[PDB]
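Coordinates as given in entry_36.json (JSON, C-alpha atoms and all ligand atoms):
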[["chain", "number", "residue", "atom", "x", "y", "z"],
["A", 7, "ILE", "CA", -30.19, -41.45, -47.10],
["A", 8, "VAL", "CA", -26.49, -42.58, -47.20],
["A", 9, "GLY", "CA", -25.75, -45.86, -48.96],
["A", 10, "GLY", "CA", -29.32, -46.57, -50.11],
["A", 11, "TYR", "CA", -30.96, -46.81, -53.54],
["A", 12, "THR", "CA", -33.54, -44.88, -55.66],
["A", 13, "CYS", "CA", -37.00, -46.05, -54.59],
["A", 14, "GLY", "CA", -38.68, -45.61, -57.88],
["A", 15, "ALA", "CA", -41.49, -43.17, -58.57],
["A", 16, "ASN", "CA", -44.33, -43.54, -56.12],
["A", 17, "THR", "CA", -43.35, -46.92, -54.74],
["A", 18, "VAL", "CA", -43.46, -45.49, -51.17],
["A", 19, "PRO", "CA", -46.98, -43.92, -51.47],
["A", 20, "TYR", "CA", -47.29, -42.74, -47.83],
["A", 21, "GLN", "CA", -44.11, -40.56, -47.96],
["A", 22, "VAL", "CA", -44.82, -36.79, -47.79],
["A", 23, "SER", "CA", -42.42, -33.89, -48.30],
["A", 24, "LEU", "CA", -43.04, -30.94, -45.91],
["A", 25, "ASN", "CA", -42.50, -27.72, -47.82],
["A", 26, "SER", "CA", -42.16, -24.13, -46.55],
["A", 27, "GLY", "CA", -40.63, -22.77, -49.82],
["A", 28, "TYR", "CA", -38.27, -25.79, -50.10],
["A", 29, "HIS", "CA", -38.34, -29.40, -48.76],
["A", 30, "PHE", "CA", -37.32, -29.25, -45.05],
["A", 31, "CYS", "CA", -38.47, -32.67, -43.61],
["A", 32, "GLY", "CA", -40.41, -35.80, -44.56],
["A", 33, "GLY", "CA", -43.52, -37.35, -42.96],
["A", 34, "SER", "CA", -46.01, -40.23, -43.27],
["A", 35, "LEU", "CA", -49.60, -40.07, -44.38],
["A", 36, "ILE", "CA", -51.59, -42.15, -41.84],
["A", 37, "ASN", "CA", -55.11, -41.27, -43.14],
["A", 38, "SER", "CA", -56.50, -38.81, -45.71],
["A", 39, "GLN", "CA", -56.23, -35.75, -43.46],
["A", 40, "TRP", "CA", -53.36, -36.46, -41.06],
["A", 41, "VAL", "CA", -49.55, -36.62, -41.39],
["A", 42, "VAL", "CA", -47.13, -37.78, -38.64],
["A", 43, "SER", "CA", -43.55, -36.29, -38.68],
["A", 44, "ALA", "CA", -40.83, -35.35, -36.07],
["A", 45, "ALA", "CA", -41.59, -32.59, -33.54],
["A", 46, "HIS", "CA", -38.19, -31.04, -34.32],
["A", 47, "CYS", "CA", -39.58, -30.50, -37.85],
["A", 48, "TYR", "CA", -42.11, -28.02, -36.39],
["A", 49, "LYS", "CA", -42.58, -24.65, -38.02],
["A", 50, "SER", "CA", -45.49, -22.40, -39.15],
["A", 51, "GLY", "CA", -46.91, -22.49, -42.67],
["A", 52, "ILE", "CA", -46.19, -25.97, -43.85],
["A", 53, "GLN", "CA", -47.62, -27.20, -47.09],
["A", 54, "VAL", "CA", -47.78, -30.93, -47.27],
["A", 55, "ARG", "CA", -46.69, -32.34, -50.63],
["A", 56, "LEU", "CA", -47.97, -35.82, -51.38],
["A", 57, "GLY", "CA", -47.27, -38.10, -54.40],
["A", 58, "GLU", "CA", -43.76, -36.80, -54.97],
["A", 59, "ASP", "CA", -40.86, -38.47, -56.61],
["A", 60, "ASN", "CA", -38.66, -35.64, -57.98],
["A", 61, "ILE", "CA", -39.34, -32.78, -55.44],
["A", 62, "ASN", "CA", -38.18, -30.22, -58.10],
["A", 63, "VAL", "CA", -40.23, -31.32, -61.12],
["A", 64, "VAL", "CA", -44.07, -31.52, -61.27],
["A", 65, "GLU", "CA", -44.50, -34.93, -62.75],
["A", 66, "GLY", "CA", -48.22, -35.41, -62.40],
["A", 67, "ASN", "CA", -48.92, -37.41, -59.26],
["A", 68, "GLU", "CA", -48.65, -34.70, -56.66],
["A", 69, "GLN", "CA", -51.18, -33.18, -54.27],
["A", 70, "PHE", "CA", -50.02, -29.99, -52.49],
["A", 71, "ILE", "CA", -52.26, -29.26, -49.46],
["A", 72, "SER", "CA", -51.72, -26.73, -46.63],
["A", 73, "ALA", "CA", -51.57, -27.78, -42.94],
["A", 74, "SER", "CA", -54.58, -26.49, -40.88],
["A", 75, "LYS", "CA", -52.91, -27.23, -37.52],
["A", 76, "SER", "CA", -49.82, -28.82, -36.03],
["A", 77, "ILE", "CA", -49.83, -30.58, -32.71],
["A", 78, "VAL", "CA", -46.37, -31.27, -31.23],
["A", 79, "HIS", "CA", -46.32, -34.12, -28.59],
["A", 80, "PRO", "CA", -47.20, -32.61, -25.11],
["A", 81, "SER", "CA", -43.89, -33.94, -23.61],
["A", 82, "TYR", "CA", -41.49, -33.19, -26.46],
["A", 83, "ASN", "CA", -38.15, -32.13, -25.10],
["A", 84, "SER", "CA", -35.99, -30.49, -27.73],
["A", 85, "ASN", "CA", -32.89, -30.87, -25.58],
["A", 86, "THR", "CA", -33.14, -34.66, -25.19],
["A", 87, "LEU", "CA", -35.24, -35.24, -28.33],
["A", 88, "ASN", "CA", -37.38, -37.48, -26.15],
["A", 89, "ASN", "CA", -40.89, -37.76, -27.65],
["A", 90, "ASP", "CA", -40.01, -36.44, -31.07],
["A", 91, "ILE", "CA", -43.39, -36.87, -32.83],
["A", 92, "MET", "CA", -45.91, -34.28, -34.16],
["A", 93, "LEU", "CA", -49.25, -34.52, -35.98],
["A", 94, "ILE", "CA", -50.20, -32.29, -38.93],
["A", 95, "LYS", "CA", -53.82, -32.02, -40.10],
["A", 96, "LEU", "CA", -54.38, -31.12, -43.79],
["A", 97, "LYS", "CA", -56.91, -28.42, -44.76],
["A", 98, "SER", "CA", -58.78, -30.81, -47.07],
["A", 99, "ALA", "CA", -58.61, -34.62, -47.36],
["A", 100, "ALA", "CA", -56.19, -36.01, -49.91],
["A", 101, "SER", "CA", -57.48, -38.30, -52.77],
["A", 102, "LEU", "CA", -56.05, -41.66, -52.00],
["A", 103, "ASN", "CA", -55.17, -43.90, -54.95],
["A", 104, "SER", "CA", -52.23, -46.35, -55.71],
["A", 105, "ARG", "CA", -49.66, -43.56, -55.72],
["A", 106, "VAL", "CA", -50.98, -41.68, -52.60],
["A", 107, "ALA", "CA", -51.81, -44.15, -49.79],
["A", 108, "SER", "CA", -51.77, -44.06, -45.96],
["A", 109, "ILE", "CA", -49.50, -46.42, -43.92],
["A", 110, "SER", "CA", -50.84, -48.54, -41.02],
["A", 111, "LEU", "CA", -50.08, -47.69, -37.40],
["A", 112, "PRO", "CA", -48.67, -50.69, -35.45],
["A", 113, "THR", "CA", -50.53, -52.72, -32.90],
["A", 114, "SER", "CA", -47.30, -54.13, -31.41],
["A", 115, "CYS", "CA", -43.74, -52.83, -31.14],
["A", 116, "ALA", "CA", -41.33, -54.50, -33.60],
["A", 117, "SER", "CA", -38.43, -56.72, -32.50],
["A", 118, "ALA", "CA", -34.72, -56.36, -32.93],
["A", 119, "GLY", "CA", -33.77, -58.21, -36.15],
["A", 120, "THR", "CA", -36.85, -56.86, -38.01],
["A", 121, "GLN", "CA", -35.79, -55.47, -41.39],
["A", 122, "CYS", "CA", -37.34, -52.01, -42.15],
["A", 123, "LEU", "CA", -37.58, -49.60, -45.11],
["A", 124, "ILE", "CA", -36.36, -46.02, -44.46],
["A", 125, "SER", "CA", -36.87, -43.33, -47.12],
["A", 126, "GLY", "CA", -36.26, -39.61, -47.70],
["A", 127, "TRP", "CA", -34.89, -36.77, -49.77],
["A", 128, "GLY", "CA", -31.95, -36.13, -47.40],
["A", 129, "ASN", "CA", -28.21, -35.92, -47.81],
["A", 130, "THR", "CA", -26.56, -38.85, -49.55],
["A", 131, "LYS", "CA", -22.96, -38.20, -48.39],
["A", 132, "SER", "CA", -21.49, -38.86, -44.95],
["A", 133, "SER", "CA", -18.81, -36.16, -45.42],
["A", 134, "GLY", "CA", -19.88, -33.23, -47.51],
["A", 135, "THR", "CA", -23.30, -32.76, -49.09],
["A", 136, "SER", "CA", -25.40, -33.88, -52.05],
["A", 137, "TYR", "CA", -29.11, -33.63, -51.78],
["A", 138, "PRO", "CA", -31.11, -35.84, -54.18],
["A", 139, "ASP", "CA", -34.04, -34.68, -56.16],
["A", 140, "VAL", "CA", -35.74, -38.13, -56.23],
["A", 141, "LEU", "CA", -36.69, -40.32, -53.25],
["A", 142, "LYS", "CA", -34.07, -42.64, -51.82],
["A", 143, "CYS", "CA", -34.76, -45.88, -49.90],
["A", 144, "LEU", "CA", -32.66, -47.98, -47.48],
["A", 145, "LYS", "CA", -33.39, -51.36, -45.80],
["A", 146, "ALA", "CA", -31.94, -51.56, -42.29],
["A", 147, "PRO", "CA", -32.65, -53.88, -39.28],
["A", 148, "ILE", "CA", -33.81, -52.80, -35.86],
["A", 149, "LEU", "CA", -30.89, -53.12, -33.40],
["A", 150, "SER", "CA", -31.21, -54.56, -29.91],
["A", 151, "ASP", "CA", -31.70, -52.06, -27.05],
["A", 152, "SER", "CA", -28.25, -53.06, -25.63],
["A", 153, "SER", "CA", -26.41, -52.18, -28.86],
["A", 154, "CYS", "CA", -28.37, -48.90, -29.14],
["A", 155, "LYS", "CA", -27.70, -47.93, -25.49],
["A", 156, "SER", "CA", -23.97, -48.85, -25.73],
["A", 157, "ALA", "CA", -23.61, -46.70, -28.96],
["A", 158, "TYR", "CA", -25.25, -43.72, -27.17],
["A", 159, "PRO", "CA", -24.58, -44.09, -23.37],
["A", 160, "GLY", "CA", -27.08, -42.07, -21.37],
["A", 161, "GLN", "CA", -29.04, -40.69, -24.40],
["A", 162, "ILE", "CA", -31.55, -43.49, -25.40],
["A", 163, "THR", "CA", -35.04, -43.33, -23.75],
["A", 164, "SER", "CA", -37.78, -45.96, -23.99],
["A", 165, "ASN", "CA", -39.32, -43.96, -26.81],
["A", 166, "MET", "CA", -36.26, -44.33, -29.07],
["A", 167, "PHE", "CA", -34.76, -47.21, -31.08],
["A", 168, "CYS", "CA", -31.64, -47.63, -33.22],
["A", 169, "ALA", "CA", -31.90, -49.09, -36.69],
["A", 170, "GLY", "CA", -28.97, -49.45, -39.03],
["A", 171, "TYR", "CA", -25.49, -50.89, -39.21],
["A", 172, "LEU", "CA", -22.76, -50.71, -36.54],
["A", 173, "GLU", "CA", -20.19, -50.78, -39.35],
["A", 174, "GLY", "CA", -21.65, -47.55, -40.82],
["A", 175, "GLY", "CA", -21.94, -46.82, -44.51],
["A", 176, "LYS", "CA", -25.80, -46.86, -44.66],
["A", 177, "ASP", "CA", -28.14, -44.44, -42.72],
["A", 178, "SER", "CA", -30.64, -41.59, -42.73],
["A", 179, "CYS", "CA", -29.11, -38.09, -42.72],
["A", 180, "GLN", "CA", -30.01, -34.33, -42.80],
["A", 181, "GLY", "CA", -33.18, -33.84, -44.76],
["A", 182, "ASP", "CA", -34.58, -37.26, -43.80],
["A", 183, "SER", "CA", -36.04, -36.09, -40.49],
["A", 184, "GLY", "CA", -39.69, -36.83, -39.83],
["A", 185, "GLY", "CA", -39.70, -39.58, -42.48],
["A", 186, "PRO", "CA", -40.93, -43.19, -42.14],
["A", 187, "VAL", "CA", -39.33, -46.30, -40.82],
["A", 188, "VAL", "CA", -41.75, -49.10, -41.94],
["A", 189, "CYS", "CA", -41.26, -52.76, -40.83],
["A", 190, "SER", "CA", -43.61, -55.52, -42.08],
["A", 191, "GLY", "CA", -46.02, -52.88, -43.48],
["A", 192, "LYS", "CA", -46.50, -50.97, -40.18],
["A", 193, "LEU", "CA", -45.11, -47.52, -39.40],
["A", 194, "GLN", "CA", -42.69, -48.29, -36.60],
["A", 195, "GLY", "CA", -40.26, -45.28, -36.50],
["A", 196, "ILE", "CA", -39.74, -41.64, -37.44],
["A", 197, "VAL", "CA", -36.25, -40.41, -38.49],
["A", 198, "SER", "CA", -35.06, -38.33, -35.51],
["A", 199, "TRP", "CA", -31.30, -37.92, -34.80],
["A", 200, "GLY", "CA", -27.90, -39.64, -34.73],
["A", 201, "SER", "CA", -24.20, -38.75, -34.42],
["A", 202, "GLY", "CA", -23.61, -37.53, -37.99],
["A", 203, "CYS", "CA", -24.63, -40.09, -40.64],
["A", 204, "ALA", "CA", -23.29, -43.57, -41.57],
["A", 205, "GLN", "CA", -20.57, -43.36, -38.92],
["A", 206, "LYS", "CA", -19.10, -46.57, -37.55],
["A", 207, "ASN", "CA", -20.83, -47.59, -34.38],
["A", 208, "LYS", "CA", -23.19, -44.62, -34.54],
["A", 209, "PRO", "CA", -26.48, -45.89, -36.04],
["A", 210, "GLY", "CA", -29.56, -43.65, -36.60],
["A", 211, "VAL", "CA", -31.97, -43.23, -33.64],
["A", 212, "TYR", "CA", -35.71, -43.22, -34.35],
["A", 213, "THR", "CA", -38.85, -42.22, -32.45],
["A", 214, "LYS", "CA", -40.63, -45.46, -31.38],
["A", 215, "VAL", "CA", -44.17, -45.01, -32.85],
["A", 216, "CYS", "CA", -45.85, -47.98, -31.04],
["A", 217, "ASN", "CA", -45.55, -46.01, -27.81],
["A", 218, "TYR", "CA", -47.66, -43.17, -29.21],
["A", 219, "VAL", "CA", -50.61, -44.97, -30.82],
["A", 220, "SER", "CA", -53.18, -44.08, -28.15],
["A", 221, "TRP", "CA", -52.06, -40.40, -28.24],
["A", 222, "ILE", "CA", -52.25, -40.41, -32.07],
["A", 223, "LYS", "CA", -55.76, -42.07, -32.13],
["A", 224, "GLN", "CA", -57.13, -39.79, -29.40],
["A", 225, "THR", "CA", -55.82, -36.59, -30.93],
["A", 226, "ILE", "CA", -57.23, -37.47, -34.43],
["A", 227, "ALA", "CA", -60.56, -38.37, -32.87],
["A", 228, "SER", "CA", -60.99, -34.94, -31.24],
["A", 229, "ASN", "CA", -59.47, -32.53, -33.80],
["A", 301, "LIG", "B1", -33.07, -34.13, -39.69],
["A", 301, "LIG", "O1", -33.10, -32.79, -39.11],
["A", 301, "LIG", "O2", -33.33, -33.94, -41.14],
["A", 301, "LIG", "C1", -34.05, -32.75, -41.63],
["A", 301, "LIG", "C2", -31.79, -34.99, -39.12],
["A", 301, "LIG", "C3", -31.83, -36.51, -39.42],
["A", 301, "LIG", "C4", -30.50, -37.07, -38.92],
["A", 301, "LIG", "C5", -30.43, -38.56, -39.18],
["A", 301, "LIG", "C6", -29.28, -39.20, -38.42],
["A", 301, "LIG", "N1", -29.23, -40.62, -38.69],
["A", 301, "LIG", "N2", -31.80, -34.82, -37.66],
["A", 301, "LIG", "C7", -31.00, -33.95, -37.02],
["A", 301, "LIG", "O3", -30.15, -33.28, -37.63],
["A", 301, "LIG", "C8", -31.07, -33.84, -35.50],
["A", 301, "LIG", "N3", -29.70, -33.73, -35.02],
["A", 301, "LIG", "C9", -28.79, -34.70, -34.99],
["A", 301, "LIG", "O4", -28.97, -35.88, -35.36],
["A", 301, "LIG", "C10", -27.49, -34.17, -34.40],
["A", 301, "LIG", "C11", -26.64, -33.64, -35.55],
["A", 301, "LIG", "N4", -26.77, -35.18, -33.65],
["A", 301, "LIG", "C12", -25.95, -34.89, -32.64],
["A", 301, "LIG", "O5", -25.78, -33.71, -32.31],
["A", 301, "LIG", "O6", -25.28, -35.93, -32.00],
["A", 301, "LIG", "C13", -24.72, -35.98, -30.67],
["A", 301, "LIG", "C14", -23.42, -35.12, -30.64],
["A", 301, "LIG", "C15", -24.35, -37.41, -30.21],
["A", 301, "LIG", "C16", -25.80, -35.53, -29.64],
["A", 301, "LIG", "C17", -31.71, -32.56, -34.88],
["A", 301, "LIG", "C18", -32.79, -33.06, -34.00],
["A", 301, "LIG", "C19", -32.23, -31.55, -35.85],
["A", 302, "CA", "CA", -42.53, -33.49, -58.28]]
What is this structure when it is put down as structure tokens?
Ligand SMILES: *[B@]([O])(O[C])[C]([C][C][C][C][N+])[N]C(=O)[C]([N]C(=O)[C]([C])[N]C(=O)OC([C])([C])[C])[C]([C])[C]
Ligand SMILES: [Ca+2]
Amino acid sequence: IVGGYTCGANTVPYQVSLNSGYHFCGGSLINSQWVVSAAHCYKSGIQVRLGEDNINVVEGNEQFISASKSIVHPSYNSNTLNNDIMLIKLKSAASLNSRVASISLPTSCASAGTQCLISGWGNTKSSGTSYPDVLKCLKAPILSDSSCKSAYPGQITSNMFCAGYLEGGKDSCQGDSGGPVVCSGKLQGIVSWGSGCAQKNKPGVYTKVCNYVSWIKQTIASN
């Protein structure tokens, strides 16, 4: 997260770290057995790590559970990053408590102007690299579809939104992919792509979760 702040241990209780030997992407716990992340975070042999603050120290609140199956969206296009959403089922249900909690799925899409919380263990520098060990948070508004489409001419689909600052300085970055964008308590976005990080006039782009709620409910219901 570039230009954000330290969340505080377990204050974002639905944040997961996806681990295949090291943290490679974030995700959101949406019920005790299912995680939603970005389809570009797909790989085999993912262990889901819940209740993390420092991803390098076992502090006591963690639950490390293997993925039993991954389902990438049926229309994910890695070239356009259109439909960048994937579901991960855990092998066993997690024990939910105040430090491990699921986030609600939206019933409506959120408006431009809505302030959101974005979180992750990704790069904190816009030039060069420094990966944090503890979770970082950022508050950023949803941008209008006009601003988003003029920042990225020809790249924004109806399943994408921009959230951030046109002045730059604050943004998600490498290592934040798959993580939550939560606005008014509902999961509204997934960290997906952008032109670098915290670049002027180049805000982050996010998968628009409200478009996928029937696919998410149907897949959970049958798997
Ligand atoms: B993610 O992979 O973290 C593990 C990361 C989050 C980036 C957040 C940006 N606000 N996502 C990516 O790296 C994705 N790629 C890009 O965002 C690339 C670098 N952007 C890009 O090439 O920009 C253009 C030149 C305009 C197309 C990919 C999906 C891994
Ligand atoms: Ca830890």
*Find the residue from A:220, A:198, A:207, A:110 that sits nearest to residue A:84; use all atoms listed in the file when measuring.*
A:198
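With distances restricted to all atoms listed in the file, A:60 is the closest residue to residue A:16 from A:38, A:164, A:205, A:60.
The environment of residue A:97 within 10 Å, counting only C-alpha atoms and disregarding residues fewer than 6 places along the same chain, consists of residues 39, 40, 53, 54, 71, 72, 73, 74 and 75 of chain A.
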Centre, x/y/z edge lengths, axis-aligned box for stretch 122-125 of chain A with 4 Å per side, as JSON:
{"center_x": -37.0, "center_y": -47.7, "center_z": -44.6, "size_x": 9.2, "size_y": 16.7, "size_z": 13.0}
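You can rank A:116, A:162, A:123, A:102 by their closest distance to ligand LIG 301 (chain A) using only C-alpha atoms and all ligand atoms, and at the top of that list sits A:162.
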*Which residues sit within 6 Å of ligand CA 302 (chain A), counting only C-alpha atoms and all ligand atoms, listed as a PyMOL selection string?*
chain A and resi 58-65
*asked:* At a cut-off of 8 Å and counting all atoms listed in the file, what residues surround ligand LIG 301 (chain A)? Please answer as a PyMOL selection string.
replied: chain A and resi 30-32+46-47+84+87+128+158+177-184+197-204+209-211
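With only C-alpha atoms as the basis for measurement, A:112 is the residue among A:112, A:19, A:160, A:66 that approaches residue A:193 most closely.
Across A:8, A:225, A:215, A:153, the tightest approach to residue A:134 is made by A:8 when counting all atoms listed in the file.
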*Give me the residues within 12 Å of residue A:214 as an MDAnalysis selection string, counting all atoms listed in the file and dropping any in the same chain fewer than 5 places off.*
chainID A and resid 44 87:91 111:112 114:117 148 151 162:169 186:189 192:198 219
*Hey, what's within 12 Å of residue A:141 if we count only C-alpha atoms and toss same-chain stuff fewer than 2 positions away? As an NGL selection string, please?*
:A and (7 or 10-19 or 21-23 or 29 or 32 or 57-62 or 124-130 or 137-139 or 143-144 or 181-182 or 185)
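Among the candidates A:150, A:26, A:43, A:133, the one nearest to residue A:222 when counting only C-alpha atoms is A:43.
Taking atom CA of residue A:78 as the reference point, atom CA of residue A:221 is found at 11.2 Å.
Between atom CA of residue A:92 and atom CA of residue A:49 the separation is 10.9 Å.
Going from atom CA of residue A:223 to atom CA of residue A:48 covers 20.0 Å.
Near residue A:35, within 6 Å and counting all atoms listed in the file, sit residues 20, 41 and 108 of chain A; same-chain residues fewer than 4 positions away were not included.
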